[PDB]
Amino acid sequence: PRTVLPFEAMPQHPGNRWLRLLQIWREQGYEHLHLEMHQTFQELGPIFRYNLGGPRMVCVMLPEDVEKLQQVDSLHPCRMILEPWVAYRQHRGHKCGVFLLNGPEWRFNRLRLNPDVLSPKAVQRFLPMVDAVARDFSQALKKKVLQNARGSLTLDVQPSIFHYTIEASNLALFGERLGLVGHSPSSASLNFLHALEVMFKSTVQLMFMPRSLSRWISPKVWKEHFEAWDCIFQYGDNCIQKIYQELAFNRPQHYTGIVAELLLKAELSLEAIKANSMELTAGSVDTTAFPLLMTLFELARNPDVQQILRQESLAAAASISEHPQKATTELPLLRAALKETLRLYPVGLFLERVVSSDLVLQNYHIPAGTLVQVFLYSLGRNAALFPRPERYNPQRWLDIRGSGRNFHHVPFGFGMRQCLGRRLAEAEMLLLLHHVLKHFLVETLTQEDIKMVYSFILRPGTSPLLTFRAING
């Protein structure tokens, strides 16, 4: 006859919003947030409350509490809206994308976005496009590799992977090749990458304090943040202005990208398409690129795992060449290697929901209005949910059909508000890795675990030196 306890009975985080914000001002970031939160779960248990003074905040981990959170997902799930991002759009007179929307406005936008961005039918249309970029990546790498006497190229792949994600995402969204794969990076691509870096750095700085504090504590950080958005929006509008003009004179019969479908359907206003198209263009660069580099590293660290994946990719090489759409079903262990990477290195770190109805999490009453934050780092590294958590084991995802481990894999979220660019990111990662495995051996002397850094998204601190050795002629 176990009694449900009140919200206040919950272990409280030893910290405070004030020390945190002064420290964030001093250090100009919160690079150690994941290790601070991870330690607190190791000390306080699977559930703890954060003292935001007035607002209630619950920190959870464990699929257990994710299932219950999905149960309370209303027809309009809520998320703690990102004030500095909203501040920019309100300033320059822009509409908000799905991520920065809540309530009916979010649902209207999402339902018109899902069929052309997330849906399986859409994935079958852009899969061959993404495949062509992935094919061009390995073929350019092969060209560089064969010019060296040892038939291998040792390098920092990070710059190439970013220019791959920019190229593949541009082709999938707009049906336009930027010429960044296999060539020198452009001023446009480098300034965009840098603008995204500055935007996230300044997001972390203006994030954990009210506009009443950040207006005088960090006035320079606001200008810095808005200048970063000015560059992000310059690049993004250039994209949309090109496709909008092209489609105005000729409505193509064939598939020419995601955004072409949205503009042709005209279910959303030009302003709403512009807003959501901006979220997709900018959003697909830093997010897909970091777990891709981590998969390449983890495979260079685990040659045993790498060779299992290579054998799969080489056997299924023929069918995928004919129908690139087969890559989804034909490569289970490579799909599972991405699940393993997103467990160890979750680039999204948290799943947040301002809960709309009272609920019970870990025998504590969580009232309506509480912001429930699921910590994907602690959830993934938990030894009880994942045996030998530190082991890179893609096999742990194969025979879990009826293991009740449905909520073990949540790096893209859950329900209606789950990541829109989930399917596009997965396709970009699968296909790059498939074509790399077919032609090269990934190697490294850097066996040491990479220190992750929190800069809005969980990114590695250092990029390791990866050797790409040619297999065949």
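Start at 1 with the first residue shown and count on from there.
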Query raised in the report: In the PDB record, does 321 to 329 or 341 to 349 carry the higher mean Cα temperature factor?
Result: 321 to 329
Query raised in the report: With respect to the recorded C-alpha B factors, which stretch has the higher mean value, 207 to 215 or 256 to 264?
Result: 207 to 215
Report summary line: In this crystal structure's PDB entry, the residue among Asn363, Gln241, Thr295, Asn170 with the greatest CA B factor is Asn363
Query raised in the report: In this PDB entry, which of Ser184, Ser277, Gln124, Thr165 has the top CA B-factor?
Result: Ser184
Requested in this report: Taking the chain's C-alpha temperature factors as the reference, tell me which third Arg112 falls into: lowest, middle or highest.
Outcome: lowest
Report summary line: Quick tally, chain-level thirds of C-alpha B-factors: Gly15 sits in the highest
Requested in this report: Please rank the C-alpha B-factors of the chain's modelled residues and tell me whether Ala336 sits in the lowest, middle or highest third.
Outcome: middle
Query - Chain-relative CA temperature factor third for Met429 - result: lowest
Requested in this report: Classify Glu36 as lowest, middle or highest third according to the C-alpha B-factor given in the PDB entry, relative to its own chain.
Outcome: middle
